[PDB]
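Only one chain is included here, represented as structure tokens and corresponding to the form solved without the partner chain.
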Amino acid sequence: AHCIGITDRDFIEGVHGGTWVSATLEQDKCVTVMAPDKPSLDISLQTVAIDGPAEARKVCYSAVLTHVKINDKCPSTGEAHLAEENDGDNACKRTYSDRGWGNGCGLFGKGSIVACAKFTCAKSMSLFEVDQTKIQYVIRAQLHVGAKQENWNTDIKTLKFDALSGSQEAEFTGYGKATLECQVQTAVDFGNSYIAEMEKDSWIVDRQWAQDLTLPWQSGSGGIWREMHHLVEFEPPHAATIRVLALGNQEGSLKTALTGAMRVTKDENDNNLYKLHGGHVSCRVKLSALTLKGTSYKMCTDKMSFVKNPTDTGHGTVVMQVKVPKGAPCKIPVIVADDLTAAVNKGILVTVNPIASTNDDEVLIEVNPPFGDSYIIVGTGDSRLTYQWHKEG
């Protein structure tokens, strides 16, 4: 909805003594449901999302080190100690340096040595937990009633589904209502998944993969960086010195490891929602309460015009925009015929029974013409609009 603007589009016809029509809605796709003596119904999968997930952890991939302190003791003089050893925001390591007269000691041998450094995570990845019972999914539902493309967004009904809302109605005034009984298949995940976020990017990742990461992590909710040694490297001691270095930025390596994982985006307006770039919806569509309006309205006889010529949609259909100048409440007659003389229509009309509601209005018509050469005819009498069309595919 509207399916004309969407490239990947499927037309579905049901038996018309058919009440339900099952259809599947995939991402970036759309479905036009057509039923005889019934208005056409565009449905499309808008979003499959997760509403405000619990941030479980943070995983540092960029860390800097400051205030490197070291305490050293000569052989047989005892075990070394630093005060920062009693501080969580410091990474420390304990070793033994080869010491003697060369480096200011009394005895030759192993001297205890400790090195500490202040750990600051510059950049981290957030890991959110995912509950299956948090999934909302959205379906656009719209009727073919001759609305101009500029009026599509305002005419679209947005149907939101939960683990509780699984049968939604779509009410189109004057045309009744349609009932969607839908069900989300979000591919896989859950009982073994995280929402991993790096700034603006987000993915669905495996929990065991994320917990086996050779990177420092942090809780909710704050606290301390766990396993800080994954980004801290202590070079072997020399006399009374130890070089402490932070490892390189692991952004690119992580992102490389995240190729193939399902993408996720957080949205900016407005709720912290996590839209999945996957999954699909299986719906049951009830069309019985859809009534074809133009329930009355004489048909407009007066000379009309093509505001927008018949154009190929790429869907095997054609779209037109016709203006009705002297047509106070009108019905637009539209036929597609093998030739002008034989008025035998063979075009299946998508915009079923089009209406010009107001004095001087412009209506959008969509028709599915037969293969080969044909004639798109709009109106009757001498002011019949004709437009020759060809179909290939």
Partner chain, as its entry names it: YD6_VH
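Residue numbers count along the first chain shown, from 1.
The same protein has a further form, the form solved in complex with the partner chain, not shown here; the description that follows concerns it.
- In the entry with it bound, no residue of the candidate spot (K323, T380 and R384) has a heavy atom lying within 4.5 Å of the partner chain.
- Note on the partner interface in the entry with it bound: the residue among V232, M262, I156, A240 having a heavy atom within 4.5 angstroms of the partner chain is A240.
- None of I195, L276, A117, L143 but one reaches within 4.5 angstroms of the partner chain in the entry with it bound through a heavy atom, and that residue is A117.
- The partner chain is not shown here, and in the entry with it bound it never comes within 4.5 Å of any heavy atom of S126.
- In the entry with it bound, the partner chain sits beyond 4.5 Å of every heavy atom of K29.
- Using a 4.5 angstroms threshold between heavy atoms, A337 stays clear of the partner chain in the entry with it bound.
- Using a 4.5 angstroms threshold between heavy atoms, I70 counts as touching the partner chain in the entry with it bound.
- In sequence order, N71, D72, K73, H81, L82, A83, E84, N90 are the residues of 71-92 having a heavy atom within 4.5 Å of the partner chain in the entry with it bound; the partner itself is omitted from this view.
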